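All Cβ positions, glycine included, derive from the backbone under ideal geometry; neighbour counts span all protein chains shown. Derivation of every value follows stated rules applied to the coordinates shown; laboratory data play no part.
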Amino acid sequence: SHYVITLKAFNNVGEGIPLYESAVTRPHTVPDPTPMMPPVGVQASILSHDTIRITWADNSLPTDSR
Amino acid sequence: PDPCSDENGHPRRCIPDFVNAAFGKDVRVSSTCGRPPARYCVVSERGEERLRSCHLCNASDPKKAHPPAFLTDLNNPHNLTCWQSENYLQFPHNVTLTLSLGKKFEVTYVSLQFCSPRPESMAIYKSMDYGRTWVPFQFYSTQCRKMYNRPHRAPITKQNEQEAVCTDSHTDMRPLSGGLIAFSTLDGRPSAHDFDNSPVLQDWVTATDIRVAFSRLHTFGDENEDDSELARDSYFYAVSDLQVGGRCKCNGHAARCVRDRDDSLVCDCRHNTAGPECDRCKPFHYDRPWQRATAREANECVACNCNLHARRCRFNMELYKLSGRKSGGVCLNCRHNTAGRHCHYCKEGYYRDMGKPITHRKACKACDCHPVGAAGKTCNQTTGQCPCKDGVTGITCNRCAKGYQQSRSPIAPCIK
Amino acid sequence: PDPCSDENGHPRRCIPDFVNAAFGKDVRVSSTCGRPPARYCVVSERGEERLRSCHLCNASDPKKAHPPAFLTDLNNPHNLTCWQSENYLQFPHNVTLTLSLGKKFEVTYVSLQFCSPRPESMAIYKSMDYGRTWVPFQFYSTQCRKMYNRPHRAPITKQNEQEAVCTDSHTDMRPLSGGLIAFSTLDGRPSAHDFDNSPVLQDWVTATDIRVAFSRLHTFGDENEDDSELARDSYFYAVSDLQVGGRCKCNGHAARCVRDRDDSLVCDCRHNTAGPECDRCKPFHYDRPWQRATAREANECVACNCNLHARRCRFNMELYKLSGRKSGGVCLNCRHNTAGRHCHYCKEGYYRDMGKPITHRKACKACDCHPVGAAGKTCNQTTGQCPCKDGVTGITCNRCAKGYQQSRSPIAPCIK
Ligand SMILES: *[C@@H]1O[C@H](CO)[C@@H](O)[C@H](O)[C@H]1NC(C)=O
Ligand SMILES: *[C@@H]1O[C@H](CO)[C@@H](O)[C@H](O)[C@H]1NC(C)=O
Ligand SMILES: *[C@@H]1O[C@H](CO)[C@@H](O)[C@H](O)[C@H]1NC(C)=O
Ligand SMILES: *[C@@H]1O[C@H](CO)[C@@H](O)[C@H](O)[C@H]1NC(C)=O
Ligand SMILES: *[C@@H]1O[C@H](CO)[C@@H](O)[C@H](O)[C@H]1NC(C)=O
Ligand SMILES: *[C@@H]1O[C@H](CO)[C@@H](O)[C@H](O)[C@H]1NC(C)=O
Ligand SMILES: [Ca+2]
Ligand SMILES: [Ca+2]
């Protein structure tokens, strides 16, 4: 957020002439989620001139929407 | 001492201090009580009952008057001073307040502290030109549709952030005294977070004059009763404090705004720039296209280099494109027989002196090619040899070769 | 124009001008005639006879008054102005004069010009703090032993030059008017010749306040006679001129003392120093330990170098010792992923870009080592090669080698 700060000098008779200044507060840091393990055993199997089938495995797999 | 200079002395973004631009400035209003002197009544609510205290507004008496100067004067909570409009100026009739800054200001807020209850309908207007045309800034009403032809509680669209929005917020009759309406210019605007890179919102905050129009006032519905005088005298617009906060628009190239020779408020431009808002660039500094200053990059105006041979330089877009967005400043009318954007070169009928550099005044010696000896006037630039005809041995083609005798023919000057 | 700068602009020892620090300053005294107004008698000796002229001291009348302001005012031989103590304030009773400079001054002398005869017993006192504790400076008496518990005519010892000494010098009743007592702070002190290198005497000359106490006055012995009034009225302490000479203590780093924001006398420190007496060093200048300036060596405070990556630096004694008394400034909390007292370096999980120097922002590129391919995260700094497992050909260990196929095992990613 962008705040506007005002400073006044006051006594018993009242408040004096103000002095203005503005500042933008620094954004809160957000921790990044820890990453997952990438797939293993990635093998390319050439079938034709325009088709190649890719096969991979996952060590994390012992349900999920991954 | 200078804020524009870094610790080493490198250029950095310059911003003028945040100021209430309204303070001590003359405001033109449509109505003021006292001419002729009329009675006004203050309404006060306590519990379930309403109380009225009637006073007189006399423009001549300083303690009884409420002039427009009471809007812009110092706000003191101990001794409040407010301006007061003429009694019962209800819709269609309106009460307007025009404020002229006389310069482009990047407005952050427009606030109003009321002595009387806040209006049912109020609108904030701005002027890009110095008062010619008016563009709405913000609307406040119970019926945005019926009053100001705008949607009620409309969310800020990314498609048009340069549009004034209407809300029923801050319009409540309570508090009947001390009510505040403060308009945040960058409130709700989706790209406000990246303001420095958003020219759309940079233009939105810009205003030279501010006009606040009070269209409809809050009423209890007792004005149409048997006694109209007592009721209608207790409805009026009164404001104690008017604050237009924001910094002087200097596009990040000035730390302060100073009054010039014609008594006009202008930025004290830096980073080799000129203009009322530092929008353009100082003469002989057209080496780079003008760009507004950001937090990370100073965006200073780059000086031309003509090696003290030209007084005027021009910007070339094609050359700036060919340089890979580096430099595009080409010098105009190069003096001392020089050429190129660099402005150092030699000419025909002339040859370069190897003893002195190209930057020197006597860089090109005269090539005195004989009119009957030499074929052409243009010679060899590195050695200084004229194009001789009939194999003439002369440096400037002045002497016939061995065995050759001088001839009468202009085609054959030497004959073997 | 600046005395701190040399002809080329190199640093040199700065000394404030020699001033009478007492001049025009308020002095608090214990007694003054006129309240109530009393009679005083001036004694004058001519030949073998004594003569007395009695006058009146009236505090209200300007021509008859002798206020403490008459000590510090301009000394005029044509029109002398002296302060006068209350009549007959003989031992044990004393008359003291406290002078507050409000700053550390390197005192060269303390002088007193008397209107009445000089005292039989007088003492000069100084204050290191601003008046809390008092340390003796010099004693003057006929009986140093009996009066001030100090040896009479004691020679200045090399073992303790910071000790006040007592003498019977300058105590003589003659002259009965115009008698002078001037105390030389560095008189007789054995190491005074090498003052610049002697901190013991540098501390001795230092004082913030000066107090002179008149303990016993000279008498003829006629006060105890039949008529006490006439006799006792002719014995009093009177001083026309009080001079405290010396330069402002700025340890050779300032040419003048200026009053600050709180109206306090402070040195205008130079050579990258700060402090009331230039005793400490300006922030970010802790590259060398603080040292007082001498005639041959300027002894300037050396600036830290963090290559614009750190705002705060600290002094390390061990590093200063390891450098051979050259430099000992180590930068604190190095920014932009740098290390070292120099503050330029690279980190693990990262490698150096050879195209740009170490001082550049983008000096270290990210080392994106594959989590299943590479063995470790830390790579080769000069080439940018991750520690590959099973002979992986990839730069970041991303592709299997020739003949090798990708495997399910986390230990063996590629199998032949
Ligand atoms: C107050 O109003 C009356 C209206 O007739 C006017 O005559 C008078 O001058 C005003 N008071 C002062 C102090 O001017
Ligand atoms: C105090 O308020 C009254 C209100 O009428 C005004 O006339 C007066 O000038 C104010 N004084 C100051 C110093 O603001
Ligand atoms: C206010 O009244 C004036 C006429 O007095 C009119 O021109 C204007 O449109 C009205 N409305 C606003 C919002 O100013
Ligand atoms: C001198 O002293 C007397 C003491 O009674 C006093 O009344 C008088 O005012 C003094 N003289 C002057 C000029 O004040
Ligand atoms: C001259 O001396 C008398 C002594 O009482 C003093 O009152 C007066 O102020 C002196 N004048 C100057 C100019 O010093
Ligand atoms: C002077 O008298 C005071 C008391 O009035 C006493 O404190 C002090 O010790 C005496 N001696 C000196 C040298 O000040
Ligand atoms: Ca006010
Ligand atoms: Ca004097």
Subject >> Cα Rg, Dmax, region C:286-416, angstrom units >> reply: 23.0, 80
Original post:
So if we plug the beta-carbon distance of A:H2 and C:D260 into 1/(1 + (r/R0)^6) with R0 = 30 Å, what FRET efficiency do we get, rounded to 0.05?
Top reply: 0.25
**OP:** Only Cα pairs under 8 Å and at least 6 apart count here; give the relative contact order of chain B as a rounded whole percent.
**Re:** 15 percent
Subject >> Gaussian network model of chain B, Cα within-10 Å springs - most flexible of B:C304, B:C379, B:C269 >> reply: B:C379
Original post:
Given H placed on each backbone N at 1.01 Å, which residues far from B:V266 in sequence or on other chains put an amide H within less than 5 Å of it?
Top reply: B:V258, B:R259, B:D260
Subject >> Karplus 3J(HN,Hα) series, Hz, for region C:196-203 with 6.51 cos²θ - 1.76 cosθ + 1.60 (x for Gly, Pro) >> reply: 3, 9, 9, x, 4, 7, 5, 7
Original post:
What is the fewest-to-most order of B:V110, C:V392, B:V42 by other Cβ atoms lying within 10 Å of their Cβ?
Top reply: B:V42, C:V392, B:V110
Original post:
Given that compact globular proteins tend to follow 2.2 N^0.38 Å, what is the ratio of the alpha-carbon Rg of region C:235-291 to that value?
Top reply: 1.64
Subject >> Under Karplus coefficients 6.51, -1.76 and 1.60, residue-wise ³J(HN,Hα) of region C:321-326 in Hz, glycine/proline x >> reply: 6, 5, 7, x, 6, 9
**OP:** Kindly put B:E120, B:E49, B:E348 in sequence by how many other C-beta atoms sit within 10 Å of each C-beta, fewest to most.
**Re:** B:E49, B:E348, B:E120
Subject >> Gaussian network model of chain B, springs between alpha carbon atoms under 10 Å - residue of B:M128, B:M317, B:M147 with greatest fluctuation >> reply: B:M317
Subject >> Sequence-distant residues sharing a close amide H with C:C166 (under 5 Å, placed H) >> reply: C:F139, C:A154
Original post:
So what is the relative contact order for region B:184-301, in percent, with contacts set as C-alpha pairs under 8 Å and at least six apart?
Top reply: 15 percent
Original post:
Given the Cα atoms of chain C, and with Rh set as the inverse mean 1/r over their pairs in the Kirkwood sense, what is Rg to Rh to two decimals?
Top reply: 1.33
**OP:** Would you mind listing the distances between the C:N316 label point and the same position in each other copy? Use 7 Å along Cα-to-C-beta, nm, one decimal, shortest first.
**Re:** 5.5
Subject >> Shortest-first distances to equivalent copies, position C:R256, nm, label 7 Å out along Cβ >> reply: 2.4
**OP:** Please state, rounded to one decimal and in Å, the Kirkwood hydrodynamic radius that region C:111-256 gives when every pair of distinct Cα atoms enters the mean of 1/r.
**Re:** 17.1 Å
Subject >> Innermost chain C residue relative to the axis carrying C onto B, by Cβ distance in angstrom >> reply: C:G9, 10
Original post:
Direction-averaged shadow area of the convex hull around the Cα atoms of the protein assembly as shown, nm²?
Top reply: 86.2 nm²
Original post:
By average Cβ neighbour count within 10 Å, what is the ranking of C:233-242, B:11-20, B:129-138, A:27-36 from highest down?
Top reply: C:233-242, B:11-20, B:129-138, A:27-36
Subject >> Phi-based couplings in Hz for region B:115-127 (Karplus 6.51, -1.76, 1.60; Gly and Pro marked x) >> reply: 8, 8, x, 4, x, 6, 9, 9, 9, 9, 10, 10, 9
Original post:
Residues with beta-carbon under 9 Å from that of C:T208, excluding C:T208: net charge, scoring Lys, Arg +1 and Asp, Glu -1?
Top reply: +1
Original post:
What is the Cα coordinate range of chain A on the first, second and third principal axes, sorted by size from largest, in whole angstrom?
Top reply: 92, 34, 18
**OP:** Run through the other copies and list how far each one's label point is from that of B:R52, in nm with one decimal, shortest first; the point sits 7 Å from Cα along Cα-Cβ.
**Re:** 9.6
Subject >> Under-5 Å amide H pairs with C:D368, H placed in peptide plane, nonlocal only >> reply: none
Original post:
Expressed as a rounded percentage, what relative contact order does region B:32-154 have, with Cα pairs under 8 Å and six or more residues apart?
Top reply: 15 percent
Original post:
Once Rh is set to the Kirkwood radius over Cα pairs, what Stokes-Einstein translational diffusion coefficient, in µm²/s, holds for region C:186-285 at a temperature of 20 °C and a viscosity of 1.002 mPa s?
Top reply: 117 µm²/s
Original post:
Say we join alpha carbon atoms closer than 10 Å with springs in a Gaussian network model of chain B; which of B:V107, B:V43, B:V165 then has the biggest fluctuation?
Top reply: B:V43
Subject >> Order of A:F10, C:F315, B:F139 under a 10 Å beta carbon neighbour criterion, fewest first >> reply: A:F10, C:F315, B:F139
